[PDB]
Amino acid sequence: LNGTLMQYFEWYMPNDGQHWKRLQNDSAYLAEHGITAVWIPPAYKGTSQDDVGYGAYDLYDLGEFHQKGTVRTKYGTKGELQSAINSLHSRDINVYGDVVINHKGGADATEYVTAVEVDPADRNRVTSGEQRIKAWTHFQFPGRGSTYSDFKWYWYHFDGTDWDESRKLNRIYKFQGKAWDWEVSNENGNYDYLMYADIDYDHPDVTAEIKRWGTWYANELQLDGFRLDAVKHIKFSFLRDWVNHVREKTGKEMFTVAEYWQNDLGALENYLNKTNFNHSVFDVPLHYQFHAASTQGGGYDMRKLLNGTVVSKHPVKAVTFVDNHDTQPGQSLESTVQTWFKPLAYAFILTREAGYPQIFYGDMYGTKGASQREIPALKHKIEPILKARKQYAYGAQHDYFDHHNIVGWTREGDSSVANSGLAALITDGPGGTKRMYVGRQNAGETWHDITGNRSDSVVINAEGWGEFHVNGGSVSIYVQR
């Protein structure tokens, strides 16, 4: 099984309401290129129509109720999403729903709340006496009413907020009688607080409600799994329990991957430990290695790609990726893998045996930000690498990370996939050649570069070795003609 995830959105897509229809219409294309799952953007009403989805106003409004100036979300209506999902399912493409449960944004009304300021660099330090603020904490859901859920939110379901509406002041406010949740990331002392109204996962009605919404959401969209947002800001034991709860209620596997944003393998290992390895994480350290290689012009030691990553230590729990909606140009975690290196990074995640790779909408189709640093559409460069995964990346792997610039790996093929087997080379510097073992069972075959970057044929010798070539700053992936 070479499962391939696709993140089916980018930050700057137009707010025209056609995204679910686009997905529906792309399902044939996705299936043909070996995509077996899609992570869809948050499907519920944000703070406005053009919310990318992380505002999280109303978790039960999937583009169904007239709230925040619109019925549809940015992406379309509930029915359009459901039509896209049934089209994806008709081609055996799993659908992972984005789960934004750190906070709620865009409350319907303010409440007077007693609060103290905390230090934004050290949220365990209180920096004021008690003061009365007006906080956006009251959620009534006037367009929805009680349809699907009569749960209403008030200040006492939250630990704090970043805005006092009476003084018009952006500070971090912790509400009276509240405490930041733990365990969370210990950056800035305690990183429970991120944005909007921060949900209090010490509150038992909150833990109950978010669990039952989880089950509701899975049922409503027939989800096959989840993508968990911003998990370093959400009580770890709660996330663990939430994942088990929805699995228990649905009776489905519910593959789950969490976005724990830290370039630190040890912090990710800690998160995995505290959630009992019941779900995966995005391989954030690998992303940063790709970013670094792509900006150092050949000076990066390409041997380092094998160490310090989630996929190197916990391959079963790694979702590997090149870029996402936070790392793309202009976004809050900007660390974009430069255009020239991006196909090499894709070869790395797509054709190697370890990890569950994810391709980025923004990489395939380009990003539509207002800058001139936008990622170009690289679909045509990635397609042959996807085909390499789908048809050729099977069987025993041999690594050649034995050079500062030119590194490679082979796959011997497997008898259960006809003509499978590949030989990949990437280089962040000058090109050249590497002899690599592809398996004696491929002796005498004529192999060629599926990317078309190199036009030479390589005949595998009797001992199972081929002499493979790669251009400067390029990738070649040889497979049987």
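Residues carry their position along the shown sequence, with the first being 1.
Looking at the entry, does 103-111 or 298-306 show the higher mean C-alpha B-factor?
Taking the mean C-alpha B-factor of 103-111 and of 298-306, the larger value falls to 298-306.
Mean Cα B factor from the PDB record: higher for 145-153, or higher for 320-328?
Higher of the two, by average CA B-factor, is 145-153.
Looking at 279, 247, 74, 291, which one carries the largest C-alpha B-factor according to the PDB entry?
Going by the entry's C-alpha B-factors, 247 comes out highest.
C-alpha B-factor winner, where the candidates are 227, 167, 232, 287
Each of 227, 167, 232, 287 was compared by C-alpha B-factor; the highest is 167.
Taking the C-alpha B-factors as the PDB entry records them, is residue 29 in the lowest, middle or highest third of its chain?
Ranked within chain, residue 29 CA B lands in the middle tercile.
Relative to the other modelled residues in the chain, which third contains the C-alpha temperature factor of residue 370: lowest, middle or highest?
Highest third - that is where residue 370 ends up once the chain's C-alpha B-factors are sorted.
Ordered by C-alpha B-factor within the chain, which third holds residue 416? Give me lowest, middle or highest, please.
Tercile = highest for this residue's CA B-factor.
Should residue 1 be placed in the lowest, middle or highest third of its chain by the C-alpha B factor in the entry?
Top third by C-alpha B-factor.
Can you tell me whether residue 444 has a C-alpha B-factor in the lowest, middle or highest third compared with the other modelled residues of the same chain?
Ranked within chain, residue 444 CA B lands in the highest tercile.
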